[PDB]
Chemist: 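Provided herewith is a single structure, encoded as structure tokens, for subsequent inquiry.
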Amino acid sequence: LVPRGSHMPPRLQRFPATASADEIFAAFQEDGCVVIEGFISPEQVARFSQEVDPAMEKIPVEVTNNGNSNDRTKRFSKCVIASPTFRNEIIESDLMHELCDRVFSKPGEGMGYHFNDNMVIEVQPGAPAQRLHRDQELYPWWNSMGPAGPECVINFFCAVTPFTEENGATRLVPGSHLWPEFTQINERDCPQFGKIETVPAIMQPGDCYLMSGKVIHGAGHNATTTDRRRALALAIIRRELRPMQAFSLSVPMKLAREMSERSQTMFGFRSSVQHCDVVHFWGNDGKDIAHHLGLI
Amino acid sequence: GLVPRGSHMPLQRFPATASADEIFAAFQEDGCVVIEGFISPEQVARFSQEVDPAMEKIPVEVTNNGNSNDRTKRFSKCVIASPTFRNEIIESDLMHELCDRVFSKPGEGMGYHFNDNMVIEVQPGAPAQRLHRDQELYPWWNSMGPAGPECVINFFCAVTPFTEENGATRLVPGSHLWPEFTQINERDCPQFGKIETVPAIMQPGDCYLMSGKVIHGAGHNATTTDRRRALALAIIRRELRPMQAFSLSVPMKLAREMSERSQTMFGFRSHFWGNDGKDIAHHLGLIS
Ligand SMILES: O=C(O)CCC(=O)C(=O)O
Ligand SMILES: O=C(O)CCC(=O)C(=O)O
Ligand SMILES: [Fe+3]
Ligand SMILES: [Fe+3]
């Protein structure tokens, strides 16, 4: 695309949502991130945006006097409550669960993952760029295991409205999941500070990128005047890690009863069973918590 | 003069009235430490009585299969079953004092919450448990070695007395400072078979605070009638998932009677475990 002799920026691989999960996972392993085009259908993504739009209108845009604050970005996590399309269809992506199993699920131990968050992230016009970071920084000890550590968290980060370089599409650093040392990206700790090359995740509505918690990234500057850049972050963690949202305590049981068993597991309405040499996480005295809740 | 001069020397003891800094210093040195009278004598007796009808309804497995349920009863509904547990035992200021030093960072509130409230009662004849570190439950933790942060700690309280014969836990002090944290088996542990233990001999109300990095295991209960009953207060970093879904099983009535700090321990109160920017205690009806 660029004239010969031009520097070539890093490559984000792209696959259709009809590609095999093995093909997409291979790219995720090589680079730490990969675009899945059509992850959500344009009709599903439009119904979702319409369904969460009243709640987004009620959230005020926060403007502050520190640019390093990551302001002018609306954030909304009650996707299940607000959106039938989200809870009936979006969280039922088999391709999403196929990839989560290839990341998180251990032999004969059931689902190895659950939801960390379901966040609509709408970056307002003029919002400053977000600091470069790894998402596993949320679990502060994880970087110390280096690239040899297991996965903490992954994110299916979906374009709800278009992602462009101008409106603040996430800037990603492919291959940063393989750097020898994982530090915070600051002047004191990161030798490459200020010299780190990123690439934007350009996406159409319904596209998503799957991104390892080991990948350096940061929301871009929204340099536009009118583009509210809407995203949906499906953040998925190991079953042994604590979620950012107490979904089982805020999502009503009426909606829990309508969930598939794997979706109840995702939100903590149903337990999981790990094997330690010769134990339930999130259980109830040896039983699945789903018994006590009436979920059978 | 603690062992005969010339002999090989083979676990410090403090009273609950001692300072948390003194108990924590020994905890840092050895990875475990006894706190005598951690729960008052009348409290542990009320507790034991209060959970005895729960324990009598637990059938005993006689399996010879080598897992931790072979002739060992385990029960986790201590808040539901015991007023003494939820009203007094969990409201120990020292427990929180020590939890703050293990887990909390300045300006960030409580850095810890409950993993489990488990009554463990080793039945007569139960084989000894496998040697393990409690942080094996979070399976990547050993890979960080002794430089890694603290994962889980356990206030392991004697409910009936612990003897060398009825199955008192065998501890390996200082195993939190070994250079490699491995599984403790013949295949993975070069020191297997030569690992030196000390038993945790305790009266009712005593406990030992143990680090999740310390190797240990329950002993064989070679007796005929002694059901060695224990109470394990497993506490984890706030970033880690509990083994019990306490905020879904403990009724809202009892949560309303908890202090703000106990609500946080059970997840009735929230960073992590929030509700779309707000404390989950708001939606639950727990903030004034
Ligand atoms: O909004 C974006 O594009 C990035 C958001 C993000 O990376 C985060 O919130 O951790
Ligand atoms: O019962 C004991 O003495 C030890 C039990 C224990 O360590 C466990 O179940 O994790
Ligand atoms: Fe991020
Ligand atoms: Fe143990």
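Chain letters run A, B, ... following the sequence lines, proteins first, then strands; residues in each count from 1. As a basis for the values below, the full set of heavy atoms in this structure was taken, side chains included, without hydrogen atoms, waters or symmetry mates.
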Chemist: Check whether any side-chain heavy atom of A/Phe28 lies under 4.5 Å from a side-chain heavy atom of A/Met211, and answer yes or no.
Modeler: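 A/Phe28 does not reach A/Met211 side chain to side chain.
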Chemist: Within the 4.5 Å heavy-atom criterion, are B/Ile280 and B/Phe268 side-chain neighbours or not?
Modeler: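 In short, these two side chains do not touch, never coming nearer than 4.5 Å.
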Chemist: State whether the side chain of A/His177 and the backbone N or O of A/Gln29 hold a donor-acceptor pair below 3.5 Å, judged by distance alone.
Modeler: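 Indeed, once roles are kept as given, a pair shorter than 3.5 Å links the two residues.
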Chemist: Do B/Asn142 and B/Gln135 make a side-chain contact, defined as non-hydrogen atoms from C-beta onward lying under 4.5 Å apart?
Modeler: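 Heavy-atom side-chain distance check passes, below 4.5 Å.
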Chemist: Carefully, step by step, assess A/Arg230 and A/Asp53 under the rule salt bridge (charged side-chain N to carboxylate O under 4.0 Å, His left out).
Modeler: CA-CA 10 Å; A/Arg230 197 172 274 187; A/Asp53 196 75; 2.8 Å; yes
Chemist: So, taking the atom named CG in A/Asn118 and the one named OG in A/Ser83, what distance separates them when rounded to the nearest 0.5 Å?
Modeler: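 It comes to 10.5 Å.
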Chemist: Taking all heavy atoms of B/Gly267 and all of A/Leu249, pick out the closest pair and write down the distance.
Modeler: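 Heavy-atom minimum between the residues: O-CD1, 3.4 Å.
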Chemist: Indicate the atoms forming the closest heavy-atom contact of A/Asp117 with A/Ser77, along with that distance.
Modeler: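 Smallest interatomic distance, heavy atoms only, reads OD1-OG, 2.8 Å.
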Chemist: Heavy-atom distance under 4.5 Å between the side chains of A/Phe48 and A/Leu232, does that happen here?
Modeler: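 Side-chain contact under 4.5 Å: yes.
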Chemist: Do A/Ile81 and A/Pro252 have side-chain heavy atoms sitting under 4.5 Å apart?
Modeler: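 Side-chain contact under 4.5 Å: yes.
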Chemist: To check you understand the geometry: which heavy-atom pair defines the closest contact between A/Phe269 and A/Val251, and what is its length?
Modeler: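 Taking A/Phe269 first and A/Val251 second, the nearest heavy atoms are CZ-O, 3.6 Å.
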Chemist: Test side-chain contact (heavy atoms from CB on, under 4.5 Å) on B/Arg237 and B/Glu150; report intermediate values, then the result.
Modeler: CA-CA 8 Å; B/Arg237 299 183 57 127; B/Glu150 195 71 52; 5.9 Å; no
Chemist: So how far is it from B/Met243 CE to A/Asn284 CG, rounded to the nearest 0.5 Å?
Modeler: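 Atom-to-atom, B/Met243:CE and A/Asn284:CG are 13.0 Å apart.
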Chemist: Quick check against the 3.5 Å criterion: does A/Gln264 have a side-chain atom that pairs as donor or acceptor with the backbone of A/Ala256?
Modeler: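 Yes.
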Chemist: Start with the C-alpha distance between B/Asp188 and B/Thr182, add both sets of side-chain angles, then the distance that settles side chain to side chain donor-acceptor pair (under 3.5 Å), and finish with yes or no.
Modeler: CA-CA 6 Å; B/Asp188 300 318; B/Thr182 84; over 6 Å; no
Chemist: Dump the intermediate steps for side-chain contact (heavy atoms from CB on, under 4.5 Å) on A/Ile216 and A/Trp179, then the final yes or no.
Modeler: CA-CA 10 Å; A/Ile216 300 168; A/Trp179 296 11; 3.6 Å; yes
Chemist: Is the backbone N or O of A/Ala127 less than 3.5 Å from a side-chain atom of A/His221, with the two atoms forming a donor-acceptor pair by type?
Modeler: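 Yes; judged by distance alone, with no hydrogens or angles, the pair exists.
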Chemist: For residues B/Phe272 and A/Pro243, report the shortest heavy-atom separation together with the two atoms involved.
Modeler: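 Smallest heavy-atom distance, with atoms named: CD2-O, 3.8 Å.
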Chemist: What I want to find out is whether A/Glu98 reaches A/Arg102 closely enough, with some N-O distance under 4.0 Å, to be called a salt bridge.
Modeler: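 Salt bridge between A/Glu98 and A/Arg102, a charged N being under 4.0 Å from a carboxylate O: yes.
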Chemist: So which of A/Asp227, A/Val35, A/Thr170, A/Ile202 actually passes side-chain contact (heavy atoms from CB on, under 4.5 Å) with A/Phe163?
Modeler: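 That would be A/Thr170.
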Chemist: Side chain to side chain donor-acceptor pair (under 3.5 Å) for A/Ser263 and A/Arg87? Distances and angles first, verdict last.
Modeler: CA-CA 9 Å; A/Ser263 288; A/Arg87 58 176 187 260; over 6 Å; no
Chemist: Who are the ring pair (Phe, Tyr, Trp, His ring centres under 6.0 Å) partners of B/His96, not counting sequence neighbours?
Modeler: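 If we apply the ring pair (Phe, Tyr, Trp, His ring centres under 6.0 Å) test to B/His96, skipping adjacent residues, the hits are B/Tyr112.
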Chemist: When you measure from the side chain of B/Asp279 to the backbone N and O of B/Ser270, does any donor-acceptor pair fall under 3.5 Å?
Modeler: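 Yes, B/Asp279 side chain to B/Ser270 backbone: donor-acceptor pair under 3.5 Å.
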Chemist: So does A/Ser176 get a backbone contact from the side chain of A/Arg134, meaning a donor-acceptor N/O pair under 3.5 Å?
Modeler: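 Indeed, once roles are kept as given, a pair shorter than 3.5 Å links the two residues.
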Chemist: Hey, could you give me the CZ/CD1 distance between A/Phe39 and A/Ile24, rounded to the nearest 0.5 Å?
Modeler: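 A/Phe39 atom CZ to A/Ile24 atom CD1 measures 9.5 Å (nearest 0.5 Å).
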Chemist: For A/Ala169 versus A/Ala201, what's the shortest heavy-atom pair and its separation?
Modeler: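 In this case the closest contact between A/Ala169 and A/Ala201 is CB-O, 3.4 Å.
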Chemist: Do A/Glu30 and A/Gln13 have side-chain atoms, one donor and one acceptor, less than 3.5 Å apart?
Modeler: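 Result is yes, a qualifying pair exists.
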Chemist: Evaluate the criterion side-chain contact (heavy atoms from CB on, under 4.5 Å) for residue pair A/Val120 and A/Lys78; output intermediate values, then yes/no.
Modeler: CA-CA 9 Å; A/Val120 177; A/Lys78 294 182 154 150; over 6 Å; no
Chemist: Rounded to the nearest 0.5 Å, what separates atom SG in A/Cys33 from atom CG in A/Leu12?
Modeler: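 Atom-to-atom, A/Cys33:SG and A/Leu12:CG are 5.0 Å apart.
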Chemist: Can you classify the ring geometry of A/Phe247 versus A/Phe115 as parallel (below 30°), tilted (30 to 60°) or perpendicular (above 60°)?
Modeler: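 Perpendicular.
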Chemist: Would a distance-only check, ignoring hydrogens and angles, find a side-chain to backbone donor-acceptor pair under 3.5 Å from A/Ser49 to A/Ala46?
Modeler: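 Pair absent, no side-chain N/O of A/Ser49 close to backbone of A/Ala46.
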Chemist: Counting distance only, does the side-chain N/O of A/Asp207 pair as donor-acceptor with the main-chain N or O of A/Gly38 below 3.5 Å?
Modeler: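 Indeed, once roles are kept as given, a pair shorter than 3.5 Å links the two residues.
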Chemist: Closer than 4.0 angstrom, basic N to acidic O: yes or no for A/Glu92 and A/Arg262?
Modeler: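 Judged by the 4.0 Å cut-off on N to carboxylate O distance, A/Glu92 and A/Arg262 do form a salt bridge.
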Chemist: Between A/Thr224 and A/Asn222, do the side chains contain a donor N or O and an acceptor N or O under 3.5 Å apart?
Modeler: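 Yes, A/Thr224 and A/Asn222 have a side-chain donor paired with an acceptor closer than 3.5 Å.
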Chemist: Sequence neighbours excluded, which residues qualify as ring pair (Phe, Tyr, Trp, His ring centres under 6.0 Å) partners of A/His114?
Modeler: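 Counting only residues at least two positions away or on another chain, A/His114 forms no ring pair (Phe, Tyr, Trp, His ring centres under 6.0 Å).
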Chemist: Counting only N and O atoms by type, is there a donor-acceptor contact under 3.5 Å from the side chain of A/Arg270 to the main-chain atoms of A/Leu295?
Modeler: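 The answer is yes, because a donor-acceptor pair under 3.5 Å joins these two groups.
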Chemist: Which class fits the ring pair A/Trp282 and B/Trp273: parallel under 30°, tilted 30 to 60°, perpendicular over 60°?
Modeler: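 If you compare the ring of A/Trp282 with that of B/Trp273, the planes turn out perpendicular.
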Chemist: Does A/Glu89 reach the main-chain N or O of A/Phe86 with its side chain, forming a donor-acceptor pair under 3.5 Å?
Modeler: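 Looks like no, no N/O pair under 3.5 Å.
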Chemist: Would you check if there is a donor-acceptor pair between the side chains of A/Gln130 and A/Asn70 at a distance under 3.5 Å?
Modeler: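 Distance-only check passes for A/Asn70 and A/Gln130.
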Chemist: Parallel, tilted or perpendicular: which describes the rings of B/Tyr138 and A/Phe281, with under 30° parallel and over 60° perpendicular?
Modeler: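 Perpendicular.
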Chemist: Just by distance, with hydrogens left out, do A/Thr161 and A/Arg229 show a side-chain donor and acceptor under 3.5 Å apart?
Modeler: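 Side-chain D/A pair, A/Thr161 to A/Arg229: absent.
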Chemist: If you compare all heavy atoms of B/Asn115 against all heavy atoms of B/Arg241, which two are closest, and at what distance to 0.1 Å?
Modeler: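 Of all heavy-atom pairs spanning B/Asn115 and B/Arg241, the closest is OD1-O, 3.8 Å.
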Chemist: Charged N to carboxylate O under 4.0 angstrom, B/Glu136 versus B/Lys213?
Modeler: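 Not counted as a salt bridge, because no side-chain N and carboxylate O are separated by less than 4.0 Å.
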Chemist: With side chains defined as the heavy atoms from C-beta onward, is the minimum distance between A/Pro125 and A/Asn167 less than 4.5 Å?
Modeler: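 No, every pair of side-chain atoms sits at 4.5 Å or beyond.
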Chemist: Is there side-chain contact between B/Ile235 and B/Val152, with at least one heavy-atom pair below 4.5 Å?
Modeler: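 The answer is no; the side chains never approach within 4.5 Å.
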Chemist: For A/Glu197 and A/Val199, what are the C-alpha separation, side-chain angles and deciding distance, and is it a side-chain contact (heavy atoms from CB on, under 4.5 Å)?
Modeler: CA-CA 7 Å; A/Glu197 188 180 0; A/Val199 53; over 6 Å; no
Chemist: How many angstroms lie between OG1 in A/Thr73 and CD in A/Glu122, if you round to the nearest 0.5 Å?
Modeler: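 So the OG1 of A/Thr73 and the CD of A/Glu122 are separated by 9.0 Å.
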Chemist: Apply the side-chain contact (heavy atoms from CB on, under 4.5 Å) test between A/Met111 and each candidate in A/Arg239, A/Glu261, A/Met266; give the one that qualifies.
Modeler: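 So the option named by the test is A/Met266.
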Chemist: Can you check whether B/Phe24 reaches B/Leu98 side chain to side chain, under 4.5 Å on heavy atoms?
Modeler: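 SC-SC contact between B/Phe24 and B/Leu98 confirmed.
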Chemist: Is it the case that the side chains of A/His217 and A/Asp135 hold a donor-acceptor pair, with the cut-off being a distance below 3.5 Å and no angle test?
Modeler: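 Yes, side-chain donor-acceptor contact under 3.5 Å.
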Chemist: So, A/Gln124 and A/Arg72: side-chain donor and acceptor under 3.5 Å apart, yes or no?
Modeler: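 A/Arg72 and A/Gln124 do not have a side-chain donor-acceptor pair below 3.5 Å.
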Chemist: Are A/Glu51 and A/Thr85 linked by a side-chain donor-acceptor pair shorter than 3.5 Å?
Modeler: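 On atom types as modelled, these side chains qualify, holding a pair under 3.5 Å.
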Chemist: At what distance, to the nearest 0.5 angstrom, does CG of B/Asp276 lie from CZ of A/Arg75?
Modeler: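 Between atom CG of B/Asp276 and atom CZ of A/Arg75 there are 11.5 Å.
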